[PDB]
Structures are given as C-alpha cells and as structure tokens.
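One structure is given below, encoded as structure tokens.
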Amino acid sequence: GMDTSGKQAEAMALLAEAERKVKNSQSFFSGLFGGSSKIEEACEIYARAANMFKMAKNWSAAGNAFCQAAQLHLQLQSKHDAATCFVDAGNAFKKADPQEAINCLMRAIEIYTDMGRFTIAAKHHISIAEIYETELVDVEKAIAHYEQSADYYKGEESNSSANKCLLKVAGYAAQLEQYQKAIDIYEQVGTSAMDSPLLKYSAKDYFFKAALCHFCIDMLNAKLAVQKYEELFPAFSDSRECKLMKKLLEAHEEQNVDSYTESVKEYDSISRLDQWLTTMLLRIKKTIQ
Amino acid sequence: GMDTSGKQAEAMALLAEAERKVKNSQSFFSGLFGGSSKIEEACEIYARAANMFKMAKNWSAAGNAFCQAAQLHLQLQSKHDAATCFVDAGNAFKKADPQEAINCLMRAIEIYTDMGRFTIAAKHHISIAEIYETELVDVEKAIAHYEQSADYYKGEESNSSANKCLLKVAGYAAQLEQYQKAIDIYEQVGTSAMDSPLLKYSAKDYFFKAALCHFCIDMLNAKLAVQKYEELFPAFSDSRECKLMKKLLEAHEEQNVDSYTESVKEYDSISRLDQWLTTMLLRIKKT
Amino acid sequence: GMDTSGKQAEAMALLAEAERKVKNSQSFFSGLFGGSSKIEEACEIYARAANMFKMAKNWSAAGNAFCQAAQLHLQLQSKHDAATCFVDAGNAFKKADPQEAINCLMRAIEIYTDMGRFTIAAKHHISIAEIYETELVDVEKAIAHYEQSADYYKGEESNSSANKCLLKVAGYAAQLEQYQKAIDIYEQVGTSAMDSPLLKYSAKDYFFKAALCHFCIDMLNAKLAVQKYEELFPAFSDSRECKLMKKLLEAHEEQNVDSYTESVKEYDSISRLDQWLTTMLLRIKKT
Amino acid sequence: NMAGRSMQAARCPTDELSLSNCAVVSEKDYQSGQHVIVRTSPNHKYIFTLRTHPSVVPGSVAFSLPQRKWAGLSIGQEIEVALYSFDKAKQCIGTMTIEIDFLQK
Amino acid sequence: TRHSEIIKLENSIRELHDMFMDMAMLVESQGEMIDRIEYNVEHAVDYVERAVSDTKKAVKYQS
Amino acid sequence: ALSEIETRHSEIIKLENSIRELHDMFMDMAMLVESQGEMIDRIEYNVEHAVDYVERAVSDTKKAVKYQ
Amino acid sequence: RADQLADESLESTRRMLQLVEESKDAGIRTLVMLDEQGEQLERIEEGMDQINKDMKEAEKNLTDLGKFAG
Amino acid sequence: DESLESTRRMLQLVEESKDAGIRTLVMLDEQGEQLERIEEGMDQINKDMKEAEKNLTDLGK
C-alpha cells in the first residue's frame, strides 16, 4: 500500500531529522545556550515519528523510538511522562520482543511505586505475569508477580482483586506446588465468603477443592477435614459434593476400583467436568493399588 | 524480605533528613524569612516517608508520620490535604492499633462536616461503626454511628443507603431485648417496600420478622398484628410464613410444645434458619 | 424552544456581528493586531449563536455555524477545539443532511490520527459506517470502515470490539456471498472465544454459522469440516446445532424435500429464526 | 508443470467427461491424455488422466463427484498438481479386477 | 421421553445456575472499581478548585 | 400415587410462577444495564477530552511562563 | 416399576425447588445491588462535568489575564 | 397431556433466558473493560494536574 511505504519513508526522514536535531542541540547548548527547548522539541519529533511509525504497522523500531524519547525526557528530570512512554513502549514490544517489553514495564513499575501509586504497579505486575505465562512456559516467577499484585491490592483494601489473585495462585500451587499453601488459601477464601452479599452459596466449591487437596494428602486428613468443614459450615452438609466425596472415600476405603470409576463417571455424566478436577481424580485413582 | 529491610533503612535515613529539614527550615525562616516553600517540602518529605514506611510493612509509624504531616499541613492553613492525610492515617491505623484511628477518623468527619460534605461523613461514620462492632463489644456506639449515618443518608434523599442502616439498627435493637424500635423499623421498611416495582417480593419478609418480635410480648397482640398486616398486604397469606405462624400460635395456645418444636424442625428441614431466628424462636419457646 | 425564534433571529445577528469582527480583521486589526483574543471571542460568539440555533432546532443553521466556527478557530492553533467543533457539526448534520457530516467526520478522523487518538477515531469510523448502512445503500465503504476500525482496535489489544466488528463484517460478506472471508472470521472468532471460560458458551453458535458457510460452498468438504470441528471441541456434537447440521447433510444425500423441510419446521417450532439464517437456508437448499 | 503447481479444484463441466473418468483440465495448463499426480497432503497423492475442455477456467481442474470423493477433493480447495509419467514397460495393466454394483438403487 | 426432556431441563438449569455464579463476581468487581474511581475524582475536583481559587486570589490581589 | 401426581401438579404450577418471575426480572436487568452502558460511554468520552484539554493547557501555560 | 417413578419424581421435585429458589434469590440480590452503581455513576458524572467547567473557565480567563499583562 | 405442553413452555422460557443471559455476560464484560481505561485516564489527568499546579505555584514564589 502507498500509505505504508509513505509512512515508513517519512518516518526515516523524521528520525534522521531528530538525530541531526539532537546533535545540533548539543552544539547549540554551548554555542548559544538557549536553555532546554531544543531537547524537548527533539523529543516531540521522536514521539510523533514513533506514533506514525507504529501506524506504519512496524512495531520494534516504534518501541525503540519510544524508549529513546522517554530516556531523553527523563534526563531532563521529567519522570511521569517518561514512565508513561516506557509503558507504551512495553505495550508496543509485547508483539515484538517480550524481554524488552518486560524490562520497560519493570522500569515503569519501579518508578510508579517510587511515586507512590500501588494500583497501577499491581496492574502492571499482573500484566507482566500474564504475558510471562501465556507465551513463556514458567510459573514460579508468575506466582511471585501475582502474589506481589495481591499484596499491593490488599495494601489498599481491594478485596476482590486480591481474592481473585490469591485464588489463581492457590490453583497454580495445587496443580504444581505443594498443597499446604493451596489448602490455606482455599480455606481462607472459602471462609471469607459466608456473609457475601451476592456469593452466599458459592464458597461450597472452594471448600470442596480444599477437601480434595486434603484427600490428596491422606485419607485420614481427608475425613478429618471433611468432618471439620461439615460441622463448621452446616450448608455444605446438604451439598451434592459432600455426598460424592463420602461415596468416593468409602469406595476407596475397601479397594474396589469399579465403585470409584462408576462414581466419577456418573458424576461427570450428571455434570460436566472442568479439566482440573479430572486430573486430580486420575491422580487419586493412580494410587489405589 | 531484603526489599522491606532496605525500604526501612532508607526510610529511617529519610526521617533523619526530615527532622533535619523541619529544624533547619524553622531556623531559616527565623533568620532569613524565605517564605513557606520549605514547610511544604517538609510536608512532602513526611508524606513520602510515610508511604515508604507503608511499603516497609510498618503501619504504626506510617500512621504516625501521616498524622504529623496532616497536623503540620493544617497548621499551614490548608484542610483538604490535611483531611486526606488524616484519613490515610486512620486507614493505616485500621489494622494493628485502631483506637487512635477512631479519634483521627472523627477529626476527619468533623472537618468534612465543617466544610459541609455529607456523603463522605456518613461513609466514615459507618466505617467507625463497623470498627466498633468488629473490634469492640460496645454496641451502643455502633448504634449511634449507624443511626447518624442513616440520618445523613435519608436527609440527602439516599433512601436505599438509609434503609440498610435502619435494618442493621433494628436487628441490633431486637437483639438487646428492645422491640419498639425494631417493630417500628421493620413495619416502616415493609410499608415503604409495598409499592416498589422491584422490592415488593421482600415486603413480606420484613413484615414476618416484625410479627415474630411482636410475639415476644403476648399472643393476642401478635394475632392482631398478623391479621392487620394481612389486610394491608392481601397476598401475604400466600407465603408459608403465615401458615407457620398460625401453627405456632395454635400450638402455643394449648400448651402443645411437641407440635411447636416439630413444626419448627420441619420448617428448618425444608429451609434452614440463621442464628437470629433460631435464638428468637427458642426464646419464644421458653414460655 | 418552540417560541425561541426571536432570539434565534438575534443569533443570526450575533453571527452578523461575528461578520463585523471579520470586517475588523479586514480593516481594524491593523491597529488591533494584539486582539487575537478578540478573534477568540468572535469564535465564542459564533459558537453560542450556533448553540442557540441548535436549541431552536434549526439543524442546517446550527451545522453551518459550527463549521464556520471550526474554520475560523483552526488558525493553526487549538486543533483540538477545531476537531470538537467539526464533530459537533457532524452530529448536528446527522439528522437532516448527513453528507457533509461525512466529510467533517473524515477531517476530525485525520486530525485525531495525526494527534494520535485512536479509540475516538475508530468510534467515528463505526459512526460513518452505520450512517452509511442506515441512510445510504453503500456497503463496501462500510466494510472498509469496519475493517479499518477493527485494525485500530486490535492495534491496542482491544480484542472484543474488533471481534464484534469482524463478526458484523463476516455477516455482511456472507450476505454479500464472499464465503472465504466469512468462514475465516466466524471461525477465528469462535476459536478465540472458546479459549477463555467466560465465553466458551458462545463458540457453538459461531461454529454452526461457520459450518453453514462451509456447507454453502463445498458439500463434499462439509462433512470433513464438521468432523474437524467436532474433534476440535468434544462438546460440539451434543449441541443441537451439530445434530441438526448432521441431519441436513445426511438427508441431502438423497433428493427428499420432505426430510429437510420437516427438520427445519421442527427446529423452528422451538424458537423463531432470524432473517439471515432463513434467507441463507432458502437460497442454499434450493439446490 | 513438471515440478508441479498449486491449483484450485473445480466441478466437472459435462456428463460425458464425468463418465470418462478423466480429470477435466484447461488447454492452456495441460493437454488431453496427460497424467498428473494430485498432492492433497504429504502422504495423499492420486493419479489422474487429463482431458481438456473449453469451459475449464485457468488454474483449475474439473473433477467429477466420484473422482473428488475417492480422492477427497473439495471444490475451491488448493492441491498441488504435477506431471506424472507412467512406466509403461512395468505399469501397463494386464489384468485388473473391478468390483461392479448398480450405481443407483 | 419424559426422562430425556427432564435430563435436558437438568442440564439447562445447571448452566443457568453456573452463569449466575459467573455474573456475581464480575458485578462485584465492577462496583469495587467504581468506588475507588469516585473517591479519586472527588479528591481531584476538591484539589483543583481550592488550588486554582487560592492561587488566583493571591496573584490578582498583590497588584 | 394420586397424592404424588397432585404434588407434582403443585410443583409445575410453582415452576411456571418462578419462570414467570425470572423472565421479567432478567428483562429489567437488561434495560437498566444497557442504560448504564450508554452513560459510562458518555462519561468516558468527556473524561478523555478533559484530559487532552488540560494537558495542552499546562503545555501552553508553561511555554508562556518561559516567555517571561 | 412405580418405585423408580416415585424416586425420580422426588429427586426431580427437590432439585427443581432448590435450584429455582436459589436462582431467584440470586438474581434478586443482583437487582437490589445495581441501583448503588447507578447512583454512583450519576454522582461521578456530576463531579466530572463540574471539574470540566471550572478548569475550562479558569484557563480561558487566565489566558485573557496573561494577554492583558503582556 | 397438559403436562407435556407445560414442559414445552418450560423449555421455551429456559432457553430464552439462557440465550439472553449469555449476552448479558458479554455486555457486563465490555463494561468491565471500559472501566480500566477510564480509571487510567483519570489517574493520568490527576497526576499531570497535580504536578503542573504545584510547579507553577512554586515558580510563583
């Protein structure tokens, strides 16, 4: 398209113009000492070139120009604008180079928390964890970022966001990490919703999950925890999950794989699986001996 | 970990430079009369020091710094910033030690009402009531704060917000063996929910509660109340609550405790109750 | 106001004293060259005259005054105000005569693109596309506008808005019988929706629509496509859409009209259909 | 041609050609009698005999319904078609066993 | 046939219940965001008004 | 068995009522939330315009101060 | 076969009653909740428009004053 | 027989409610999406206005 090629041509022209402008800017500071306008107009040229270049469908050099302009703006003691440009460069690099985007976003996060804005820092941490885990296969760093975001949210009584982050962290831990953290977080989130204005009945699932983890540890712990939750939370007593867990435990007690298999099959037929309970149940069945 | 230890180290450093700032700034004001910029700079130093204390997970000292900044700023003849600092100090003191949080939040409410903004004042009143309820047992102060918040919300035509506070107050009053306030609030809210295109479904619910509490006095008055509510709400008889209450009345008339208890247990089986209703029913059964 | 036409005549006179102002620009500003603020207040009177024209329901006059104010104010300065005035003129022109609204919106689009504001630009692109659809008959220009707006949205990871715009574009293309684009879009959006739990309940509809588009072109490949969809999503067959599609395709092997006629009638007996599906079926099942 | 070219599948234009079992082609692409291997996948190769017809649009081969299905050819689909040469000294069918059944009940 | 249709009803009611379980948390989170944005905007308006008014009086009266 | 079918008749009546309450209820939901969506769109547009205007305002004011 | 008839009927009635009432009360609480966000949005809209007017008038008058000074 | 037509009515109402609740979910999601952008814009304007006014007041001295 003509629009593309023209945009790239004018972008190269204006990048060369910005380079010569900054070099002449260094010359003029000593030559005439006009102050600091020269650099700020150079930064404006850089920003315009970068924006119209990312309209040219090309990203990497757009983000590079964003980073360079942000640096040449921060060297004039201006921070918030430089941090916003850092975040924009990270967004642009998201589709160009994950490492550069991550570095720029870490710089933005540190400068923001230095300013004193926690919610923005937590949002950026969540974005970092999401981009890190979606394309790069790794969790522990994602777990740490999610925990930091939850801590930042709890610092300003943002209960819902922190709850969602803790739930995700506990789920990840249960899938891979040891089950003590998962048990604690799941039980706490389940018991922090007994007086929920709108979620007065959803905690049962969480309780069930906790019980499943306990049954992952041992049968004795499984039954003790199931009882504890039964007495502590009366409603879970009449829950279908309670009957299913009792049936599964009693079947596993007598070592009859047919009963366990039929129970899980009928449960799945009655209600669809979720792809997380199925793996847990398969692991439990693997240890039936 | 190491982040917190560092934050605390450079924060102690910053507090040292901040006390130096205040001392040298008053000295410079006395000896040179440089204006008031230095006081503002000391205020921002206090603010950032308190913020990094919060990042360092030390809430008591962060709240102390916030209070100091607030008092110095209001000494600088500025309130809104001082009020913000005071509310931040109260939030910091919420956990750990909330006692001084009460006083600082009261000061914030006082300055807000002196300025004349009501909604934030009512929000802070309900927050203080929640603090009293959760951390203390002096339910009377909670009642006072809740009723003041309800007055504010109702005066500003925020009926929905006022109704929640009124229901809380009615429940608490019914808890402490006082039923006049509970009866009045329950009946008033039930009447106000009559013509709501949305809330009409629950108009019955509140009414039912009133009758139960009204039954705490005697039998005939309860019968009169239920029949009157039924005439006022023609559809009220459709629900089971009226049937259950009639069962209770007839069983209690002829000292039929067994039928009373069995009907209560059956209603529990079909639909379980809460602590409030269970306690009220057992108290009623006591006679 | 129905009786506010005396002051709208006075407002034509106000635009006239704006004319006196441009006469000052012609002759008097030689000595009032520092009266750039005077030109600004001239634009201000322009704007408020236009505003009461809007209040008087004179859409053509209001739009003309808006455009004149925009042109006068865009003296290579305050481009944002010029863009706001142009979009206001376009909104005024939306009713009555919308053609010039198109050009003024295009100018505002260019201004915002130069500035770097994208969501507003894409929203105005959607606005011009919909005004094309509802007033004029051109659809290809609307298709291009939707494509451009979706590109702008996807540039900043605005996935949902671009997805809906592309769904509308795919529907139009299917109506315009360009089935490759339609299938690509319907299935890209279906596979994207199925990725996250919050929308996994919608993928079935997209898959069914995509299957119809596929079944439109190549019967022999329709079976393979539906099998691929079924294996990709185990819970696609259970949906009534897959069963109905299987019934239609297997009955189409033999020339019995009654079979598919009764199948479609039975399906319609459970819920009404829409114009798009009914038209597509009527066209396709003819052969 | 010799190396093969990407092409779009087409429907057979005439009944006689469909009965001929010959892959109908465009005169500007292939010549009548030529044998071409249709690559629908790395492991899916089929051999067809080419017969020209005026209505064949350039860049496509008309396939009858039996041919398409047997070879899984979708109308409007892309396949790789390359000239295929028989080894007549070894690939001249001397005896072919053919199963016959009524085409329509 | 009654068994099949009641199993269909079982399905549908289960999905409806799950869908409400879904709506609830999203709505609550929206409200939580709303409260914070409201607080911040009120702070901003108060600060803007007082700062501009005081600075204007101070820079207008000294002359 | 007669009592069973009578109870099931009562149940079907109750089910009709409850589905006669939930449908209208959901419609109320839909209309109210659509209004909320329109109004949030409006306020967001206005906020963004104010942001741009104030940014350019500070830029121009600082340049004018620099002229001094 | 009446045993299975009765068992399935009891199961069906219990499940329908419980799910119906739960969905009812759920949507009910959502209904009660939405109005708070509605009025919050109203109040914030009022505040933001007030901000916009105040800042606009302030800046225009200040540009006028600066022009007068120069 | 009335039971069967009642079952048909129940199916119709249930499927209608589901088909509308799905789009209720969708539109709730876009509202949530808009909230973050508006909040970020608000915070940015607040940050810029605060810095600007404080710097100008400091220069006034």
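Lettering and numbering for the structure tokens are positional, with chains as A, B, ... in the shown order, residues counted from 1 in each chain, and ligands counted from 1 in the shown order.
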Sorted per-residue table, chain E near chain F, closest atoms and distance, 12 Å, only C-alpha atoms, as CSV:
```
residue,atom,partner,partner_atom,distance
E:9,CA,F:15,CA,11.9
E:13,CA,F:19,CA,11.3
E:16,CA,F:22,CA,11.3
E:20,CA,F:26,CA,11.3
E:23,CA,F:29,CA,11.9
E:27,CA,F:33,CA,10.9
E:34,CA,F:40,CA,11.0
E:41,CA,F:47,CA,10.5
E:48,CA,F:54,CA,11.6
```
The selected residues should be written to file as a PDB file, in the first residue's frame (atoms: N, CA and C atoms).
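Printed below is out-v2.pdb as written:
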```pdb
ATOM      1  N   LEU E   9     -33.733 -30.493  30.971  1.00  0.00           N
ATOM      2  CA  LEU E   9     -34.018 -29.447  31.951  1.00  0.00           C
ATOM      3  C   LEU E   9     -32.938 -29.391  33.024  1.00  0.00           C
ATOM      4  N   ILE E  13     -30.869 -25.962  33.677  1.00  0.00           N
ATOM      5  CA  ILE E  13     -30.900 -25.290  34.971  1.00  0.00           C
ATOM      6  C   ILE E  13     -29.500 -25.235  35.565  1.00  0.00           C
ATOM      7  N   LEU E  16     -27.699 -22.420  33.877  1.00  0.00           N
ATOM      8  CA  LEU E  16     -28.202 -21.128  34.342  1.00  0.00           C
ATOM      9  C   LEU E  16     -27.624 -20.776  35.712  1.00  0.00           C
ATOM     10  N   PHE E  20     -25.156 -17.551  36.649  1.00  0.00           N
ATOM     11  CA  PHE E  20     -25.294 -16.533  37.692  1.00  0.00           C
ATOM     12  C   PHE E  20     -24.069 -16.501  38.592  1.00  0.00           C
ATOM     13  N   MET E  23     -21.851 -14.238  36.835  1.00  0.00           N
ATOM     14  CA  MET E  23     -22.138 -12.800  36.813  1.00  0.00           C
ATOM     15  C   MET E  23     -21.787 -12.139  38.139  1.00  0.00           C
ATOM     16  N   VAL E  27     -19.791  -8.453  38.609  1.00  0.00           N
ATOM     17  CA  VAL E  27     -20.530  -7.261  39.018  1.00  0.00           C
ATOM     18  C   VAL E  27     -19.912  -6.660  40.277  1.00  0.00           C
ATOM     19  N   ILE E  34     -15.645   1.086  40.818  1.00  0.00           N
ATOM     20  CA  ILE E  34     -16.419   2.324  40.789  1.00  0.00           C
ATOM     21  C   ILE E  34     -16.156   3.150  42.039  1.00  0.00           C
ATOM     22  N   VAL E  41     -11.816  10.915  41.875  1.00  0.00           N
ATOM     23  CA  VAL E  41     -12.321  12.081  41.156  1.00  0.00           C
ATOM     24  C   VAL E  41     -12.770  13.163  42.133  1.00  0.00           C
ATOM     25  N   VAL E  48      -8.372  20.729  42.699  1.00  0.00           N
ATOM     26  CA  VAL E  48      -8.342  21.680  41.592  1.00  0.00           C
ATOM     27  C   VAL E  48      -9.030  22.975  41.996  1.00  0.00           C
TER      28      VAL E  48
END
```
Margin query: Select, as a ChimeraX atom specification, those residues of chain C with any atom no more than 10 Å from chain A (distances computed using only C-alpha atoms).
Written below: /C:113-116,152,155-157,235
Note to self: Env of residue 15 in chain C: 8 Å cut, atoms = only C-alpha atoms, seq-sep filter 5 positions within chain, self excluded. Answer as a PyMOL selection string.
What the structure shows: chain C and resi 45-46+49+65
Put those residues in a file: C-alpha atoms, as a compact mmCIF listing (two decimals), in the first residue's frame.
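So the final result, stored in part-v7.txt, reads:
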```txt
# COMPACT_ATOMS: atom_id res chain seq x y z
CA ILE C 45 -19.99 34.28 19.94
CA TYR C 46 -20.05 32.11 16.84
CA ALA C 49 -25.03 31.57 18.37
CA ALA C 65 -22.45 27.95 12.28
```
Which chain F residues are at most 9 Å from chain H (counting only C-alpha atoms), as a PDB file with N, CA and C atoms, in the first residue's frame?
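Wrote part_11.pdb, looks like this:
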```pdb
ATOM      1  N   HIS F   9     -48.344 -31.654  40.271  1.00  0.00           N
ATOM      2  CA  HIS F   9     -49.107 -30.550  39.697  1.00  0.00           C
ATOM      3  C   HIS F   9     -48.810 -29.246  40.431  1.00  0.00           C
ATOM      4  N   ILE F  12     -45.411 -28.069  39.276  1.00  0.00           N
ATOM      5  CA  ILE F  12     -45.373 -27.462  37.949  1.00  0.00           C
ATOM      6  C   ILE F  12     -45.963 -26.056  37.996  1.00  0.00           C
ATOM      7  N   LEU F  15     -43.266 -23.907  39.377  1.00  0.00           N
ATOM      8  CA  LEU F  15     -42.224 -23.704  38.377  1.00  0.00           C
ATOM      9  C   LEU F  15     -42.640 -22.651  37.359  1.00  0.00           C
ATOM     10  N   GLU F  16     -43.891 -22.709  36.896  1.00  0.00           N
ATOM     11  CA  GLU F  16     -44.389 -21.679  35.987  1.00  0.00           C
ATOM     12  C   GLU F  16     -44.272 -20.299  36.621  1.00  0.00           C
ATOM     13  N   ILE F  19     -40.637 -19.124  36.821  1.00  0.00           N
ATOM     14  CA  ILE F  19     -40.104 -18.812  35.457  1.00  0.00           C
ATOM     15  C   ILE F  19     -40.872 -17.599  34.922  1.00  0.00           C
ATOM     16  N   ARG F  20     -42.030 -17.279  35.508  1.00  0.00           N
ATOM     17  CA  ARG F  20     -42.839 -16.090  35.127  1.00  0.00           C
ATOM     18  C   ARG F  20     -42.291 -14.883  35.891  1.00  0.00           C
ATOM     19  N   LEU F  22     -38.698 -14.824  36.877  1.00  0.00           N
ATOM     20  CA  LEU F  22     -37.302 -14.694  36.474  1.00  0.00           C
ATOM     21  C   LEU F  22     -37.177 -14.054  35.096  1.00  0.00           C
ATOM     22  N   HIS F  23     -38.094 -14.371  34.178  1.00  0.00           N
ATOM     23  CA  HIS F  23     -38.032 -13.775  32.846  1.00  0.00           C
ATOM     24  C   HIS F  23     -38.200 -12.259  32.913  1.00  0.00           C
ATOM     25  N   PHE F  26     -35.148 -10.650  34.500  1.00  0.00           N
ATOM     26  CA  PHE F  26     -33.998 -10.517  33.621  1.00  0.00           C
ATOM     27  C   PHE F  26     -34.192  -9.372  32.638  1.00  0.00           C
ATOM     28  N   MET F  27     -35.418  -9.185  32.144  1.00  0.00           N
ATOM     29  CA  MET F  27     -35.647  -8.059  31.239  1.00  0.00           C
ATOM     30  C   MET F  27     -35.343  -6.733  31.932  1.00  0.00           C
ATOM     31  N   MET F  29     -33.207  -6.258  34.427  1.00  0.00           N
ATOM     32  CA  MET F  29     -31.749  -6.259  34.339  1.00  0.00           C
ATOM     33  C   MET F  29     -31.242  -5.690  33.019  1.00  0.00           C
ATOM     34  N   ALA F  30     -31.689  -6.279  31.910  1.00  0.00           N
ATOM     35  CA  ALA F  30     -31.143  -5.915  30.607  1.00  0.00           C
ATOM     36  C   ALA F  30     -31.304  -4.423  30.351  1.00  0.00           C
ATOM     37  N   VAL F  33     -29.074  -2.148  32.741  1.00  0.00           N
ATOM     38  CA  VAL F  33     -27.637  -2.211  32.495  1.00  0.00           C
ATOM     39  C   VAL F  33     -27.297  -1.602  31.140  1.00  0.00           C
ATOM     40  N   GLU F  34     -28.200  -1.696  30.158  1.00  0.00           N
ATOM     41  CA  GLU F  34     -27.960  -1.005  28.893  1.00  0.00           C
ATOM     42  C   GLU F  34     -27.890   0.504  29.102  1.00  0.00           C
ATOM     43  N   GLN F  36     -26.954   1.995  31.836  1.00  0.00           N
ATOM     44  CA  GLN F  36     -25.661   2.227  32.474  1.00  0.00           C
ATOM     45  C   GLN F  36     -24.532   2.224  31.450  1.00  0.00           C
ATOM     46  N   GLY F  37     -24.581   1.299  30.489  1.00  0.00           N
ATOM     47  CA  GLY F  37     -23.534   1.235  29.481  1.00  0.00           C
ATOM     48  C   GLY F  37     -23.462   2.493  28.637  1.00  0.00           C
ATOM     49  N   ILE F  40     -21.934   5.311  30.806  1.00  0.00           N
ATOM     50  CA  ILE F  40     -20.494   5.175  31.018  1.00  0.00           C
ATOM     51  C   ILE F  40     -19.737   5.546  29.749  1.00  0.00           C
ATOM     52  N   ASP F  41     -20.267   5.174  28.581  1.00  0.00           N
ATOM     53  CA  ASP F  41     -19.629   5.594  27.336  1.00  0.00           C
ATOM     54  C   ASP F  41     -19.525   7.114  27.275  1.00  0.00           C
ATOM     55  N   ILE F  43     -19.584   9.385  29.714  1.00  0.00           N
ATOM     56  CA  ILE F  43     -18.681   9.969  30.702  1.00  0.00           C
ATOM     57  C   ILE F  43     -17.229   9.689  30.330  1.00  0.00           C
ATOM     58  N   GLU F  44     -16.949   8.504  29.781  1.00  0.00           N
ATOM     59  CA  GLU F  44     -15.585   8.190  29.367  1.00  0.00           C
ATOM     60  C   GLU F  44     -15.117   9.141  28.272  1.00  0.00           C
ATOM     61  N   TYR F  45     -15.970   9.380  27.271  1.00  0.00           N
ATOM     62  CA  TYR F  45     -15.604  10.335  26.227  1.00  0.00           C
ATOM     63  C   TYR F  45     -15.273  11.693  26.835  1.00  0.00           C
ATOM     64  N   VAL F  47     -14.344  12.485  29.852  1.00  0.00           N
ATOM     65  CA  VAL F  47     -13.122  12.440  30.651  1.00  0.00           C
ATOM     66  C   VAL F  47     -11.895  12.508  29.753  1.00  0.00           C
ATOM     67  N   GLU F  48     -11.897  11.747  28.656  1.00  0.00           N
ATOM     68  CA  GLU F  48     -10.736  11.758  27.769  1.00  0.00           C
ATOM     69  C   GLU F  48     -10.533  13.137  27.149  1.00  0.00           C
ATOM     70  N   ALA F  50     -11.405  16.007  28.459  1.00  0.00           N
ATOM     71  CA  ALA F  50     -10.878  16.870  29.511  1.00  0.00           C
ATOM     72  C   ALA F  50      -9.391  16.622  29.726  1.00  0.00           C
ATOM     73  N   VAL F  51      -8.974  15.355  29.688  1.00  0.00           N
ATOM     74  CA  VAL F  51      -7.560  15.027  29.854  1.00  0.00           C
ATOM     75  C   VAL F  51      -6.730  15.725  28.785  1.00  0.00           C
ATOM     76  N   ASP F  52      -7.140  15.584  27.522  1.00  0.00           N
ATOM     77  CA  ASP F  52      -6.382  16.208  26.441  1.00  0.00           C
ATOM     78  C   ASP F  52      -6.333  17.723  26.614  1.00  0.00           C
ATOM     79  N   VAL F  54      -6.631  19.611  29.326  1.00  0.00           N
ATOM     80  CA  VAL F  54      -5.804  20.071  30.438  1.00  0.00           C
ATOM     81  C   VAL F  54      -4.325  19.870  30.127  1.00  0.00           C
ATOM     82  N   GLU F  55      -3.980  18.780  29.435  1.00  0.00           N
ATOM     83  CA  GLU F  55      -2.583  18.574  29.062  1.00  0.00           C
ATOM     84  C   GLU F  55      -2.088  19.712  28.173  1.00  0.00           C
ATOM     85  N   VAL F  58      -1.667  22.977  30.263  1.00  0.00           N
ATOM     86  CA  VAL F  58      -0.417  23.085  31.011  1.00  0.00           C
ATOM     87  C   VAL F  58       0.752  23.334  30.067  1.00  0.00           C
ATOM     88  N   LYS F  62       2.986  26.710  30.551  1.00  0.00           N
ATOM     89  CA  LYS F  62       4.411  26.637  30.848  1.00  0.00           C
ATOM     90  C   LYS F  62       5.232  27.335  29.772  1.00  0.00           C
ATOM     91  N   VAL F  65       4.974  31.009  30.506  1.00  0.00           N
ATOM     92  CA  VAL F  65       5.853  31.348  31.623  1.00  0.00           C
ATOM     93  C   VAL F  65       7.300  31.415  31.152  1.00  0.00           C
TER      94      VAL F  65
END
```
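For the atom pair formed by CA of residue 154 in chain C and CA of residue 211 in chain C, the distance is 25.7 Å, given to one decimal.
Residues lying within 10 Å of range 132-137 of chain A, counting only C-alpha atoms and ignoring same-chain neighbours fewer than 6 positions away, are residues 98, 99, 102, 126, 143 and 145 of chain A.
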Margin query: Show me, as JSON, numbers by chain, every residue of chain C with an atom at most 12 Å from chain G, counting only C-alpha atoms.
Written below: {"C": [34, 35, 36, 37, 38, 40, 41, 44]}
Output N, CA, C and O atoms for every residue in that selection, as a compact mmCIF listing (two decimals), in the first residue's frame.
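Saved file out-v4.txt follows:
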```
# COMPACT_ATOMS: atom_id res chain seq x y z
N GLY C 34 -2.93 43.02 18.32
CA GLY C 34 -2.89 42.27 19.55
C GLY C 34 -4.22 41.72 20.00
O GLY C 34 -4.31 41.09 21.06
N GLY C 35 -5.27 41.94 19.22
CA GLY C 35 -6.60 41.48 19.55
C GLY C 35 -6.87 40.07 19.06
O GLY C 35 -7.97 39.78 18.58
N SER C 36 -5.87 39.19 19.12
CA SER C 36 -6.12 37.78 18.82
C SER C 36 -7.19 37.21 19.74
O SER C 36 -8.06 36.45 19.29
N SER C 37 -7.20 37.62 21.01
CA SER C 37 -8.28 37.23 21.91
C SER C 37 -9.62 37.73 21.40
O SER C 37 -10.64 37.05 21.57
N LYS C 38 -9.63 38.86 20.70
CA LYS C 38 -10.87 39.34 20.10
C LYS C 38 -11.38 38.33 19.08
O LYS C 38 -12.55 37.94 19.11
N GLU C 40 -10.78 35.26 19.22
CA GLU C 40 -11.25 34.13 20.02
C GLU C 40 -12.66 34.39 20.52
O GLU C 40 -13.54 33.53 20.37
N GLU C 41 -12.93 35.60 21.01
CA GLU C 41 -14.29 35.84 21.48
C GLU C 41 -15.25 35.91 20.31
O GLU C 41 -16.41 35.51 20.44
N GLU C 44 -16.13 32.60 20.00
CA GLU C 44 -17.01 32.25 21.10
C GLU C 44 -18.43 32.68 20.79
O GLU C 44 -19.36 31.87 20.92
```
Notebook entry, point to check: What residues in chain H have any atom no more than 10 Å from chain B when counting only C-alpha atoms, and can you write them as an NGL selection string?
Noted result: :H and (57-58 or 61)
Notebook entry, point to check: Where does DSSP see alpha helix (DSSP H) in range 21-265 of chain B, if you list the residues as a count of residues only?
Noted result: 195
Taking only residues of chain A that have an atom at most 8 Å from an atom of chain E, what is each one's shortest atom pair and its distance in Å to one decimal, using only C-alpha atoms, in chain and number order, as a Markdown table?
```
| residue | atom | partner | partner_atom | distance |
| --- | --- | --- | --- | --- |
| A:158 | CA | E:32 | CA | 7.4 |
| A:160 | CA | E:29 | CA | 6.0 |
| A:161 | CA | E:29 | CA | 7.3 |
| A:198 | CA | E:24 | CA | 6.3 |
| A:199 | CA | E:24 | CA | 7.0 |
| A:202 | CA | E:21 | CA | 7.0 |
| A:271 | CA | E:11 | CA | 7.7 |
```
With C-alpha atoms kept, could you save the residues just selected as a PDB file, in the first residue's frame?
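Result file is again_36.pdb:
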```pdb
ATOM      1  CA  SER A 158      -9.015  -4.035  47.237  1.00  0.00           C
ATOM      2  CA  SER A 160     -11.985  -8.600  45.236  1.00  0.00           C
ATOM      3  CA  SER A 161      -8.831  -8.297  43.119  1.00  0.00           C
ATOM      4  CA  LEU A 198     -24.113 -11.971  46.496  1.00  0.00           C
ATOM      5  CA  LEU A 199     -21.901 -15.085  46.902  1.00  0.00           C
ATOM      6  CA  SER A 202     -20.538 -20.186  46.041  1.00  0.00           C
ATOM      7  CA  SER A 271     -22.429 -32.562  35.428  1.00  0.00           C
TER       8      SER A 271
END
```
Next item on the list: Pull out every residue of chain A sitting within 12 Å of chain F, counting only C-alpha atoms, and send them as a list in words.
Entry: residues 34, 35, 36, 37, 40 and 81 of chain A
Under the rule of at most 9 Å, produce a per-residue listing of chain G near chain A: chain, number, name, the closest pair of atoms, and the distance in Å, as a Markdown table, using only C-alpha atoms.
```
| residue | atom | partner | partner_atom | distance |
| --- | --- | --- | --- | --- |
| G:22 | CA | A:201 | CA | 8.9 |
| G:26 | CA | A:198 | CA | 6.8 |
| G:29 | CA | A:198 | CA | 6.2 |
| G:30 | CA | A:198 | CA | 7.2 |
| G:33 | CA | A:198 | CA | 8.8 |
```
